[PDB]
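**Student:** Heads up, the sequence shown is in the entry's author numbering, so the first residue is 19 and it goes up one at a time.
Note that beta-carbon positions come from the ideal geometry of N, C-alpha and C, so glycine has one too.
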Amino acid sequence: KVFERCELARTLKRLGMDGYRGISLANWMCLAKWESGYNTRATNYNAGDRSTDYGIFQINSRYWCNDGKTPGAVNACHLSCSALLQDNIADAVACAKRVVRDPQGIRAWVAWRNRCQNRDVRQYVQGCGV
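Following this line, the structure appears as structure tokens:
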């Protein structure tokens, strides 16, 4: 599904993302916006290294989920990558939280560095009741 902005903001807040490991809701919204346009069903193949990015946060199969076809990959979220293509984002949120328990935190996604870091991200949550 493609979430509407404020519905996603409230969905993420009910899932415990506001301030998780120091990360505001607006930062998670900016991440989802630029990774996927708030789209849970998206996959993007990376031909350079044979990995694939999955779902609303475009989480990569080399370290985070298992798709069976990424050579030498691991599965730190202990999920099939299929779980990251559901309309229900609970599993994707659990995996995003796993990502940010590692040292880089939200910097693990380069799109966040490019499109969210050191920026005014307040617009993403404006009016949403979060």
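Going by beta carbon distance, what residues of the same chain come within less than 8 Å of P89, once the five residues before and after it are set aside?
**Tutor:** Taking the first residue of the sequence shown as position 1, residue 89 is located at position 71. Cβ within range, chain order: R68.
**Student:** Using the Cβ count rule (16 or more neighbours within 10 Å means buried), how would you classify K51?
**Tutor:** In the sequence shown, counting from the first residue as 1, residue 51 sits at position 33. That one is buried.
**Student:** Find the nearest neighbour of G40 within the set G147, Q141, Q122, judged by alpha-carbon distance.
**Tutor:** Here residue 40 is taken as the residue at index 22 of the sequence shown, counted from 1. It is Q122 whose Cα lies nearest to the Cα of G40.
**Student:** How many Å lie between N62 and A108 at the Cα?
**Tutor:** Locating residue 62 in the sequence shown gives position 44, counting from the first residue. Locating residue 108 in the sequence shown gives position 90, counting from the first residue. Computed Cα separation, rounded: 21 Å.
**Student:** Have a look at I77 and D71 and give me their C-alpha separation to the nearest angstrom.
**Tutor:** Position 59 of the sequence shown, counting from 1, holds the residue named residue 77. Position 53 of the sequence shown, counting from 1, holds the residue named residue 71. Rounded to whole angstroms, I77 to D71 spans 5 Å at the Cα level.
**Student:** Note the first and the last residue of the continuous beta strand (DSSP E) segment covering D71.
**Tutor:** Position 53 of the sequence shown, counted from the start, is the residue given in the question as residue 71. It spans 69-72 - the beta strand (DSSP E) in which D71 sits, taken as one unbroken run.
**Student:** I need the DSSP call for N93, collapsed to helix, strand or coil.
**Tutor:** What you label residue 93 is simply residue 75 of the sequence shown in a count that begins at 1. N93: coil per DSSP, three-state reduction.
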